[PDB]
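1. Let's see this in three dimensions:
(chains A, B, C, D, E, F, G, H and I)
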Amino acid sequence: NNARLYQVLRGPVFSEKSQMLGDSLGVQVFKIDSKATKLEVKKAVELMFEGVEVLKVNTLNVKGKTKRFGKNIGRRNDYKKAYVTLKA
Amino acid sequence: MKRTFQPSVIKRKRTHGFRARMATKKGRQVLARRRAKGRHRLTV
Amino acid sequence: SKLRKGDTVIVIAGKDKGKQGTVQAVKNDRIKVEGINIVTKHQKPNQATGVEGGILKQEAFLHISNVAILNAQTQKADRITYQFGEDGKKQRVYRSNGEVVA
Amino acid sequence: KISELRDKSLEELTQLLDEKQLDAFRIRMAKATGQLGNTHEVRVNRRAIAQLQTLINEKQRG
Amino acid sequence: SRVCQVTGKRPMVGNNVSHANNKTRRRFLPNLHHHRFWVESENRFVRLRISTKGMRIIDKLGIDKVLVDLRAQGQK
RNA sequence: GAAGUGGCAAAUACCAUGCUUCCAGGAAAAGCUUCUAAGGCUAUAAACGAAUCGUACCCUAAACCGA
RNA sequence: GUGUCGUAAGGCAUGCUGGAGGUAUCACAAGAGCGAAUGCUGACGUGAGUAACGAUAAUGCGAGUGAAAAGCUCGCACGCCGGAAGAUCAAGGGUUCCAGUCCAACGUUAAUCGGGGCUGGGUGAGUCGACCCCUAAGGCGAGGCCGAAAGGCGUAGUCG
RNA sequence: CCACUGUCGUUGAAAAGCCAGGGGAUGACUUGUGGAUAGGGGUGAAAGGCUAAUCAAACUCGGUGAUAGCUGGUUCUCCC
RNA sequence: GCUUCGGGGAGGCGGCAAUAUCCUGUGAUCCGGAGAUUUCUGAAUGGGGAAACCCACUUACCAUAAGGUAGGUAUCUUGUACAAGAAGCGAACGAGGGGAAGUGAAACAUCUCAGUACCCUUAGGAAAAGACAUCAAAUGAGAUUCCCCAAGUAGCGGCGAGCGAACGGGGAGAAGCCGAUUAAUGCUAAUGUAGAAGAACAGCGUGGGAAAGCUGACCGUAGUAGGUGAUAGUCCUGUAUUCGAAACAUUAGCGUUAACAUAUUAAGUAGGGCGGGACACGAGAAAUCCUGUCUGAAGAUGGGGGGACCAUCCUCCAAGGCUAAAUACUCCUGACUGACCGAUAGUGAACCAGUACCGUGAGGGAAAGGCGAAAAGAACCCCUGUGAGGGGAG
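-> Residues are numbered from 1 along each chain as shown, chains lettered A, B, ... in the order given. Structure as follows:
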């Protein structure tokens, strides 16, 4: 439907990899739902940034790090991020 | 020299895992006994 | 709960016994009344925030039982009671005299 | 707030919920890119979406 | 299991008693046999795992009387 | 802003699931090709697609089994 | 701590410390008295600043940074491995990977360094692997057989 | 892959190793992965060997606070 | 965390644990009733599986691309390929199917331990048993269960170690029936789950601080509660006392509905042989009960029992089914209590404990409380490496 595509993109990634990729290949890096396929991401980007056409989507699951605090051992959420290529 | 443990994940989950416990009457008694003690780790 | 924010009270126990002030904040069993029970705080300066620091004199919480409502007429410490008004309004009432105001 | 949502038709509650979901994405992007000063819109937007979906269940059941 | 369908006979437990009065756990098994009982009311042989006491009950009550009580009891 | 082709040697890798031998006589099932039983297929192309999970790093080791 | 009293177990008084409780008398009840049990737990001694600092492949010097450099970075030189002590994996592990920053603890020394702390980043597949289709050994196994009960076995199958 | 001899090591670098030699090395070989056999049972080219650093009867829990004509210990004071 | 119905009336967005944006008399936070939402695993139930994963099929709708939304699809049992149930988990107590050994006997085998531990099946608030084919032997009594006696008696017993009644008396509770069943629904009544009001003290001295001291008051159907800067009936929360329910459980009474049940006097039965078991009773002179095996009546002119057995007498009618209470227990909910502990104690666990840690696993299993009344938790300066640590200041 069109009420599940609003929850596919969790937020853009701001890093040296994401900033270097944009300037050279114009590929947006996003943090996506833990259940979003490559098709859902493709259908979420083009609906929600009108005027762009996605060539490909490269997804990956990256695991959260164990960051201990105080007396406890705790881990960060795992998350999924996608590289999406837009038509030049 | 070769020591006693020599881990293997498929072998561990297949002789001590959750589904291995639940497939016998006495394995379910093991799980019930871990739960009555309140253990945070039921099965390996 | 019998003492709210803003009402004038008199402290009846502690180092400020006999002084007056208006209630600034009420916690579960502690009360903070402006003017009295002031403490000297050595505030460590920080640049991330706008607060400067220094040796600051601020009013501290004291136990809610050490203060009493100040009677507006007799100018003396009285207790507080409630009156079930037939019109359908519940108001705090001075224990001694018995008038609606505070 | 709930007062001016209880007398809305089912057609316009579903239609209104859609903007609130789309608005949720805009807050999420703006918050991550540092363009969300007042960080309390996200909470009320989430509650509003919860309120809309509560009403939708009611008007679809009764 | 090793039980009689018509009589409820199943193994009994007991003691092996020797001359020095030593006791060891034993079991007493029913005299269970497989017999094909002719049933005139159905023109068919029904084969039952029955005890020899059960055979005497069919001899006295008839297979039809026993067969309905077996069906009423359950397993048929 | 340069070159980038000749000789020789040469694997346990490839030809080779080959070949020759011997007895101790050498997985299975499916994919695949064909036949029909009850009752769509083959070529030609054009467009579009191929999901999900892993992927860092050690691994004759300071990261595994040995406190 | 001190003084004093009693045959003793022990009592009383009081200086200092302490900061919120204690208990006469007489009865009553005991988790009622510790030096030993190679007793139990914790703390701390002696040995003793002694043995040792984990392959005898090996280090020297110049700069840098730094509170501080034999050990870190860079440089020149020297030495060691090179069917490995070099590379790719599987298993196993799970962030140890990279950068910045810090040096308390950890590192058998020092440490500015680190697989240590902290904060960020990093793993992109129709073709590699898994998943998927198929089956081996071996499991489970509608019905079925057997067995006091629990259960044991087993066909079609279904997993592996 | 083994383990015949010696030195070393014996609060070890190591709860069985190192070093110098030594044996088999196309076979009754070695090895990876998965599976099977379970305690008076298993498995054993047989040493009572091995069965998770445990083996003339594993380990854990329970009967159980087994029993112990044995050993150790048994705590304030005074009077007869 | 959403909605609604109630309560409440000024603060609030759970804790470590603060900060920021804010919310709140248009009644927030908070408390109680109901509802909605409720990812995945797990009986797990669409198939599979190394739990939190992989792979599906099918119906309807939508979209046109590689999908979405809402369902359905396990197995077994009972009814006409269709409906209703069950499954699994979780304290103890009950009933039932199996059933040790250590130990004691100063050895050990009968015996004891003990029908215990354990394993297994299964129920209910209890279960079981229960109305005489029972005792008794008195002048007879009158179901079952539980307690005190009888009584450590009578007995049993390598007559050893030990085991160990009954009759009857005193109590608790009482009930006898042929449906004393189960599940819904609606009225009536009473609870329960939030709550509200709730008296009465001043002065002086000491003191950091008064509740303690001195003097004098007041309330009391409220005086030995917990706090508050030291010990408070009159400062706070409370206490005695009087009371609220929109909503939803719960208990009881009446009525209705639908599921099941509704024997008609009892033959493979009583009795007997053989082998065992239970009876306090170990074959003993062994009655009585149970039954693996083999048999097998009489059937009211009859049959069972009265501890071998016979006669007489007394008593009672098996082979159909039920039945409340007094009794057993605690995962729990409330109120209250303690010559119970107070951090090596008391739970293993006062603390982020069944944790860390150990183990392949079953499993084993710790340590660890206290500033101060209030953080007022030490601004600033000095030595040091912008470190640790300290000295001043406060």
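2. Can you tell me the number of residues neighbouring residue 20?
-> Answering for chain A, as no chain was given. By other CB atoms under 10 Å in any protein chain shown, the residues close to residue A:20 number 10. Bear in mind the C-beta positions are built from the backbone N, C-alpha and C, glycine included.
3. The chain in question should be chain D.
-> Residue D:20: 17 neighbours (other CB under 10 Å).
4. So what does the closest residue to it other than its chain neighbours look like in phi/psi?
-> In this structure, residue D:20 finds its nearest non-sequential neighbour in residue D:49, 5.0 Å apart by CB to CB, 6 or more residues apart in numbering or on different chains. The phi and psi values for residue D:49, taken as degrees, to the nearest 10, are phi -60, psi -40.
5. ok, now which ones touch residue D:49?
-> Residues in contact with residue D:49 (CB atoms under 8 Å, 6 or more residues apart in numbering or on different chains) are D:17, D:20-21, D:24.
6. now do residue E:5
-> Contact analysis of residue E:5 by CB under 8 Å, 6+ apart lists E:48-50, E:54, E:70, E:75.
7. Which residues does stretch A:55-75 contact?
-> Counting by CB under 8 Å, 6+ apart, A:32, A:34, A:36-38, A:41-42, A:76-87 sit against stretch A:55-75.
8. same question, stretch E:43-57
-> By CB under 8 Å, 6+ apart, stretch E:43-57 touches E:4-7, E:9, E:30-39, E:58, E:63, E:66-67.
9. Show me how far stretch B:31-44 is from its chain's centre.
-> 10 Å (CA atoms, centre = their mean, to the nearest Å).
10. Convert the C-alpha atoms of that stretch to PDB, please.
-> The C-alpha coordinates for stretch B:31-44 follow below in PDB (Å, rounded to 0.1, in the frame of the first residue of the first chain):
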ATOM      1  CA  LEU B  31      13.200 -26.600  30.300                       C
ATOM      2  CA  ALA B  32      10.500 -26.500  33.000                       C
ATOM      3  CA  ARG B  33      13.300 -26.900  35.700                       C
ATOM      4  CA  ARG B  34      15.400 -24.100  34.200                       C
ATOM      5  CA  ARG B  35      12.200 -21.900  34.100                       C
ATOM      6  CA  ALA B  36      11.400 -22.700  37.700                       C
ATOM      7  CA  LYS B  37      14.900 -21.600  38.800                       C
ATOM      8  CA  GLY B  38      14.400 -18.400  36.700                       C
ATOM      9  CA  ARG B  39      17.500 -18.900  34.500                       C
ATOM     10  CA  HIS B  40      18.000 -16.300  31.900                       C
ATOM     11  CA  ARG B  41      19.500 -19.000  29.600                       C
ATOM     12  CA  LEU B  42      17.100 -21.900  28.900                       C
ATOM     13  CA  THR B  43      19.000 -23.500  26.000                       C
ATOM     14  CA  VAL B  44      22.500 -23.100  24.600                       C
END
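11. For burial, what's the neighbour tally of residue 39?
-> Since no chain was named, I'll use chain A. Residues lying near residue A:39 (other CB under 10 Å) number 9.
12. sorry, should have said chain E
-> The burial count for residue E:39: 15, using other CB under 10 Å.
13. these two touch, right, it and residue E:65?
-> No: counting by CB atoms under 8 Å, residue E:39 sits too far from residue E:65 to count as a contact (11.3 Å).
14. Helices of chain D, start to end?
-> Along chain D, counting by DSSP state H, helices occupy D:10-32, D:41-61.
15. Buried residues, the last one. List them.
-> Same thing as helix D:41-61. Neighbour-count burial for helix D:41-61, counted by 16 or more other CB atoms under 10 Å in any protein chain shown, picks out D:41, D:45, D:48, D:51-52, D:55.
16. From those, pick the one nearest RNA strand F.
-> residue D:45 (27.9 Å; CB to the nearest atom of the strand).
17. shouldn't the closest one be in contact with residue D:25?
-> No: with contacts counted by CB under 8 Å, residue D:45 stays clear of residue D:25, the gap being 10.2 Å.
18. ok, the longest helix belonging to chain B near RNA strand I or not?
-> In terms of residue count, the longest helix belonging to chain B (DSSP H) is helix B:25-37. Yes: Helix B:25-37 is in contact with RNA strand I by CB under 7 Å from any atom of the strand, via B:25-26, B:28-30, B:32-37.
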